[PDB]
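Quick heads-up: it's one chain on its own, the form solved without its partner chain, in structure tokens.
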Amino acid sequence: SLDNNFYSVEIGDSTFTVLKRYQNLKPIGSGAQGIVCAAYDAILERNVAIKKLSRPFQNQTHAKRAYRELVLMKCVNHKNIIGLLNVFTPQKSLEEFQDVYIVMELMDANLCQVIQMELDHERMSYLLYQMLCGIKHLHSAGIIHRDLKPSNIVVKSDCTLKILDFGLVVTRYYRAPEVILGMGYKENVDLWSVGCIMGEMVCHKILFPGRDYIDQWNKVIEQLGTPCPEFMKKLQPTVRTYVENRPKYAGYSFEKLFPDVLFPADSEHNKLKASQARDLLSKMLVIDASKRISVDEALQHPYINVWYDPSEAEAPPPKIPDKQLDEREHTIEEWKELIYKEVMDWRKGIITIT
């Protein structure tokens, strides 16, 4: 059947081996962790995105990432998190296991492309509201992202927004000071990243585009200002010296960083205001996380709260199957077995004698 026969297609320098239900494959990314194709799903009669994770067990980092992705995509079912349509491997044993394919509903655009548009307050607010909903949903299951960025967020033609991944040529620009400086963190680490996306949406420029972490920290302090001694005292001694030795900067007020001229044209009497967006930016782009807003407070902010719906913002938490995502270490072979088991568990949840 279309659901049990495989065929192979060359996509650049890689072979995609997928169920025959998936037709007319066309590359749509990516780099670093694998390739993603658009396809027509002849059974569902609609378009899908198919990503190939090549040897996700190759090392601890790829492994723990692939595993988290499979488990979370499966147990989450939320408007603002990409859903899992199908998962499979073409290889027929643990010994032979190489590749995992994950199938998602195809979305029309990514957020990088949407950010480049001339947006209005209505759509900026709604996109931000949805990002905050997705983030809060993950946080309710104890999942803290740390690496939200526009290339990993997709958007439908009707503005529905979905986050594609679950957290941390790799893009460092959206990572919080906690991350840059190797500090402890809490949930509002993700709110820094939202601030960076929001800032970029407004000014059509990456806010902190460092070539590395040194350059990125420099751009943070040059624009927001050197943090206060109370923050400095929170740094572990090995990092505090570096931070305290940088040249000192006063930074710019948010009225200087984000003046009215950057906001939508002819929008002085909209329901939402540039001053509200600027106020929210000023509470998310706060170096000291203990002074930065929480997600809940962001959802209640005047720029965002227009859209507030408890079914989206107070949804029942995802149920992560018992102890499945604990802190434990595993060998590469152990990770390989865990990921194979997760792929095969998908079949076990579908097969029936009716």
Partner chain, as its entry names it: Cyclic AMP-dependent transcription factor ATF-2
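Numbering follows the first chain given and starts at 1.
Keep in mind that the form solved in complex with its partner chain is not shown, yet the notes after this line are about it.
Of the candidate stretches 303-311, 289-297, 316-324, 37-45, only 303-311 has residues with heavy atoms within 4.5 Å of its partner chain in the deposited complex. Comment: its partner chain is not present in this chain, but in the deposited complex one of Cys75, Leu94, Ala109, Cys228 has a heavy atom within 4.5 Å of it, namely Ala109. Only one of the listed residues (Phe254, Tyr126, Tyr101, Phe263) places a non-hydrogen atom within 4.5 angstroms of its partner chain in the deposited complex, and that residue is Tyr126. Using a 4.5 Å cutoff between non-hydrogen atoms, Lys156 counts as a contact of its partner chain in the deposited complex. Residue contact check for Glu222: none of its heavy atoms lie within 4.5 Å of its partner chain in the deposited complex.
Put simply, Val114 is close to its partner chain in the deposited complex: some heavy atom of it is within 4.5 Å. Proximity of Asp279 to its partner chain in the deposited complex: non-hydrogen atoms within 4.5 Å are absent; the residue sits far from the partner.
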